[PDB]
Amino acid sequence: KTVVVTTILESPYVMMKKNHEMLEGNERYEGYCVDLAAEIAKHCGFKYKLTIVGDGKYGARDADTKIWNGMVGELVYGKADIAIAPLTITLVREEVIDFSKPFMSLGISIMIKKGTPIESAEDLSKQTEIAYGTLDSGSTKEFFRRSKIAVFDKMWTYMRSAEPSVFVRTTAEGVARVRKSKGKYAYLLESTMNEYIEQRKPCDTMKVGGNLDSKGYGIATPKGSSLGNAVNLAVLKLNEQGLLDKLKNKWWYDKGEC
């Protein structure tokens, strides 16, 4: 009956409300995806329960145990009925789960501490003083591990062998590493997260260069789910009406601190 929604604590998509300990259920959270979940649920006619993914990961298949972790795993093993999060539509995921059309368009980008003498991925590749990495588990890391493009393959060769590790467990961790590294660490992450952080105090980071690729985030459901069709139609309707743009403005720029 009640649809179990798996999501992730990733700002500004889902965050704990300041007074969450005094609130119950869905009311404990706020964010772009919290607002989107309420709308998808109204338009599809279902009751739901927001739940934060237990391992705090997006979703990758372990080469070895072949088990899917993160939000993708929750859907694959039937622990959740739908994922409403900044989950990237990728070929490997689409093979095991269904995705609505994109509710957000984006691409991999570079985040630097202001003043870092880096303007592009080519710049990062040709040097070694400034370290750089990605989220330890996700579509960004996979983009690099599989690129057949020279500059990106060179970047992957470096990243996968860098010691100490240049990979981070969460986006917040990558952001803090950039902030505390005096310009010696650049972070590769999705343009959406980059743009958000650029509008957050202490306003010491910046998005540089163009996006490395083009892709989108989709609402995911277990392969063959009853919800897929309606959820997809809802995403298309909300985009055409302008709600998605409204929500991005609300969470990225209307409340910007810089």
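Definition used throughout: the rigid core is the maximal C-alpha set that superposes within 1.5 Å between two forms. Residue indices: 1-based, along the sequence shown.
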Using RMS Cα distance over all structures and residues, flag whichever of 197 to 205 and 44 to 52 lies farther from this form in 4 other deposited structures of this protein after a core fit.
197 to 205
After superposing on the rigid core, the stretch whose C-alphas lie farther from this form in 4 other deposited structures of this protein, comparing 209 to 217 with 185 to 193, is 185 to 193
Once you work out the mean C-alpha B-factor for both 133 to 141 and 183 to 191 from the entry, which is higher?
133 to 141
Would 14 to 22 or 243 to 251 have the larger average of its C-alpha temperature factors, as given in the entry?
14 to 22
Note to self: of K113, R177, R93, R160, the C-alpha temperature factor tops out at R160
If you compare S105, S100, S109, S165, which has the highest Cα B-factor in the entry?
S165
So where's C258 on the chain's Cα temperature factor ranking, which third?
highest
Looking at the temperature factor on the CA atom of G210, which third of the chain's modelled residues does it land in?
highest
Among the chain's modelled residues, which third holds the C-alpha B-factor of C203?
middle
How does the C-alpha B factor of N69 compare with the rest of the chain: lowest, middle or highest third?
lowest
Chain-wide C-alpha B factor ranking for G218, given as lowest, middle or highest third:
lowest
